[PDB]
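Don't worry about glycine lacking a Cβ; one is built from the backbone with ideal geometry, like all the others, and counts go over all protein chains shown. What follows draws every value from the coordinates through simple rules; no lab data is involved.
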There are 2 protein chains.
Amino acid sequence: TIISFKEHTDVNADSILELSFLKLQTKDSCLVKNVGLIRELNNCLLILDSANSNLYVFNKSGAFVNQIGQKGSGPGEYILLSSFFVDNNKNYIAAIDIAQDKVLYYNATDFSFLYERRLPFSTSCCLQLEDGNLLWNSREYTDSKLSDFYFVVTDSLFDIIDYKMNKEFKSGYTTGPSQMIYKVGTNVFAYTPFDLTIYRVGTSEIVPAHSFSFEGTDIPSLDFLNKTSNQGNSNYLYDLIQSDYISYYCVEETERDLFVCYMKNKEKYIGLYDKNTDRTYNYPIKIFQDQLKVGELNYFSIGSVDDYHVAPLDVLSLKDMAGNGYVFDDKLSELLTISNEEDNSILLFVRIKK
Amino acid sequence: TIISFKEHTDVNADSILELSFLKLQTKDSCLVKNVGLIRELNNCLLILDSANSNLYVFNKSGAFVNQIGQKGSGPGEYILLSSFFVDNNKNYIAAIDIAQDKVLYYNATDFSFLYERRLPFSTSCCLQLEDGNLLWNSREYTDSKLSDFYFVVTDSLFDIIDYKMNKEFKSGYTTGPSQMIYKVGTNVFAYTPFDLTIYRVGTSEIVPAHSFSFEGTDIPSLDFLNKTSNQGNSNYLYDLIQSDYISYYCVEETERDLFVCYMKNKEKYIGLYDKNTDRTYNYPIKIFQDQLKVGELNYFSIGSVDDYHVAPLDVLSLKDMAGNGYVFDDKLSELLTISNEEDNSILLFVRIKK
């Protein structure tokens, strides 16, 4: 049923969470601006830099293994990656290039290029359902039937099996995260920016799994959206941020916990839910990052690793904080002292401790 | 310029042609009903049985090597193959399944399945142009822009580069051969059922290479087609066969010669053109097959092998002819005597001798 988040909590985040840090290796062949998305594969970390659109492979220890494909307009090359996935059998890695309207398939074992196909429709993110069919999101708002739904399930070959979740508010402007589909074991879950509900989505099912409520705020109404968007024609995002409503919200789930980052009154918050105890804890990120002694926490990467939530930290930004006597975490400061000003992000691995 | 075919010729076909025969091996794993299309690849013969839709690999000696994929509705499986091609680099073999609206890619070396994509539009046959782009035929007659052309050139990914050859008469009913695109060296050629002209087709070119004229007959006029087809709605094929016009015509070209099978007044004819001497010879197939001492010659397979035209011969049909004292060719009769009544077709390899 409901996961109620109260505004404040007087419990320190340091006590209820267990931390870990990892330094990513910094070579000319593997420079990283942003850690947009992350996935485990054997004893490696698949990382997508959605700022520069490079797909990299790193090791558990932080060593660079290899790049998956490269940038360019040819076959097997890409311009702007929004997402990727590993098939259930671990044969291929399929990356989605939204700039060139294609899907590129690489080998899951050796990382070489296999083949490329065109995207069947306007979409940014996809995942393989346990039965083998593919769940894609629908980024359409035109005449098309697909424009009246949030997601769509297709077969291996991309022919549409069924359209999923009715989309009332239609617009060219999207507000939520780019990746709004994830896995927990074999089950695939999905969610939308104007419905505080996570649905477990199969080929012939839409069943809610979690619903949220936050004290003193909520998602925008349908009327508020249409008035501030001229029925979908204009960008409501500015007016949305001026209101008391929930501006943005992303969800990452593991076996033990569930983190909910969101925006309200122009400020970033994070709600932690401990599934074992059934307890919620809400923190403004300004408070959250100072309590864990990590300086800045601009965003959480989508994906998790051994049930740990990932958050890349900017080295230079933190080194200046350290230089100004910022009281850092023992293990973070140890890695920060051996890091050059130009080094890639130090990843924060964090979860609810049992 | 023109290749004029006179009705009759009083030169025997036995004198101007050189023959050869090959027996295909007959196992339960490689039963063949029809030899629809044939292509060379290393020292092997790729054969498509378009009657049963099985793609086979045979050896120069006639031994069965392996089947390319198999029949079925799954990934890598097919229902109804119309054509296939080998890429210029000899990496893959791409077969077109018109039943399931997909293209299946297999390995050119080991014959295992690589990947499958959907056909970009209604089409039956394709070939890679020397520059790398793909030439496809257009089997559309609806609203679509592609319905107003005979062929279309697309990139690697299937996006349309340019539409080729204006199609005046539009209909759901097609009269010519299924494969109307071929190679001679690196150049790709194409032709239509109502234009006695072979065009060399590139990405930015339509240049005629050969034009034909036959004594006492011609292709149907545009008016004859529209009257007998109710402006494309009805099947004109019956009325077409009742007329003196050319009912059907297929062309196979090599470096040394060019064979033209066609239909007229309900009877099959064959025009041989010797490029070296610049001489034509026309024969009704009833006369042609008796002159070469081969009994029945129902059809010529599309494709050639070391500049030899291929024609599969039915064993049982010929063995009964032999049983009735038919005066067969020495080498054909030698293979026919060691052939069982149930054995696959004996291929006739024939060309203009130098």
- Note on the structure: Here the qualifying pairs (Cβ atoms under 6 Å; residues six or more apart or on different chains; first in segment B:79-106 and charged (D, E, K, R); second part of a loop (DSSP other than H, G, I, E, B)) come out as B:90/B:108; B:101/B:119
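Answer yes or no as to whether residue A:78 is of a type in the set (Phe, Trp, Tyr) and more than 30 Å from residue A:233 (Cβ to Cβ). Give the derivation first.
Values: of a type in the set (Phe, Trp, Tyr): yes; more than 30 Å from residue A:233 (Cβ to Cβ): yes.
Criteria met by residue A:78.
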- Note on the structure: Sole miss for residue A:130 among (1) more than 22 Å from the chain's Cα centre (by Cα); (2) surrounded by fewer than 17 Cβ atoms within 10 Å (Cβ to Cβ); (3) within 22 Å of residue A:191 (Cβ to Cβ) is condition (1)
- Inside segment A:65-76, can you point out the residues that are surrounded by fewer than 19 Cβ atoms within 10 Å (Cβ to Cβ) and either more than 14 Å from chain B (Cβ to nearest Cβ) or of a type in the set (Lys, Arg) (or both)? A:65, A:66, A:67, A:70, A:71
- Task: Answer yes if at least one residue in segment B:81-91 is β-branched (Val, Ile, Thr) and within 12 Å of chain A (Cβ to nearest Cβ), and no otherwise.
- Result: no
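For segment A:163-194, what are the residues that are among the charged types (D, E, K, R) and buried (at least 16 other Cβ atoms within 10 Å of the Cβ)?
A:164, A:167, A:183
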- Residue match in segment A:221-243 (condition: in a strand (DSSP E or B) and of a type outside the set (D, E, K, R)): no
- Selected residue [under 27 Å from residue A:285 (Cα atoms), in contact (Cβ under 8 Å) with a residue 60 or more places away in the chain and either among the aliphatic types (A, V, I, L, M) or within 14 Å of chain B (Cβ to nearest Cβ) (or both)] from A:51, A:13: A:13
- Item | Of residues in segment A:11-30 being within 30 Å of residue A:272 (Cα to Cα) and charged (D, E, K, R), the one surrounded by the most Cβ atoms within 10 Å (Cβ to Cβ) | A:23
- Filtering segment B:92-112 down to residues that are more than 12 Å from chain A (Cβ to nearest Cβ) and small (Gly, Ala, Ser), which residue is farthest from residue A:114 (Cα to Cα)? B:99
- Note on the structure: Among the residues of segment B:55-64, the number that are loosely packed, with under 14 Cβ neighbours inside 10 Å and either in contact (Cβ under 8 Å) with a residue 40 or more places away in the chain or within 19 Å of the chain's Cα centre (by Cα) (or both) is 0
- Conditions (1) away from chain A (no Cβ under 14 Å); (2) under 26 Å from residue B:48 (Cβ atoms); (3) in contact with a strand residue (DSSP E or B) (Cβ under 6 Å, 6 or more places away or on another chain): number failed by residue B:172: (3)
- Here the qualifying pairs (Cβ atoms under 6 Å; residues six or more apart or on different chains; first in segment A:165-193 and more than 18 Å from residue A:218 (Cα to Cα); second assigned to a strand (DSSP E or B) and acidic (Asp, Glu)) come out as A:184/A:253
- Task: Please work out which residue is farthest from residue A:226 (Cα to Cα), limiting yourself to segment A:166-203 and to residues that are over 18 Å from the mean Cα position of the chain (by Cα) and assigned to a strand (DSSP E or B).
- Result: A:202
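Sort through B:236, B:248 and tell me the only one that's in contact (Cβ under 8 Å) with a residue 40 or more places away in the chain, under 20 Å from residue B:179 (Cα atoms) and buried (at least 16 other Cβ atoms within 10 Å of the Cβ).
Testing whether each residue is in contact (Cβ under 8 Å) with a residue 40 or more places away in the chain, under 20 Å from residue B:179 (Cα atoms) and buried (at least 16 other Cβ atoms within 10 Å of the Cβ) leaves just B:248.
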- So residue A:304, is it small (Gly, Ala, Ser) and out of contact with any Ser or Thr (no Cβ under 9 Å at 6 or more places or on another chain): no
- Message: Tell me whether segment B:293-312 contains one or more residues that are of a type in the set (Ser, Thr, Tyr) and in a strand (DSSP E or B).
- Response: yes
- Only residues in segment B:113-135 that are within 14 Å of another protein chain (Cβ to nearest Cβ) and in a strand (DSSP E or B) count as the first member; pair them with residues that are of a type in the set (A, V, I, L, M, F, W, C) and buried (at least 18 other Cβ atoms within 10 Å of the Cβ), Cβ under 6 angstrom, at least 6 apart or cross-chain, and list the lot. B:116/B:104; B:117/B:103; B:128/B:134; B:134/B:126
- Somewhere in segment A:139-161, is a residue within 14 Å of chain B (Cβ to nearest Cβ), at positive phi and aromatic (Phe, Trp, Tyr)? yes
- Please tell me if residue B:214 is surrounded by 15 or more Cβ atoms within 10 Å (Cβ to Cβ) and either of a type in the set (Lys, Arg) or farther than 30 Å from residue A:77 by Cα (or both). yes
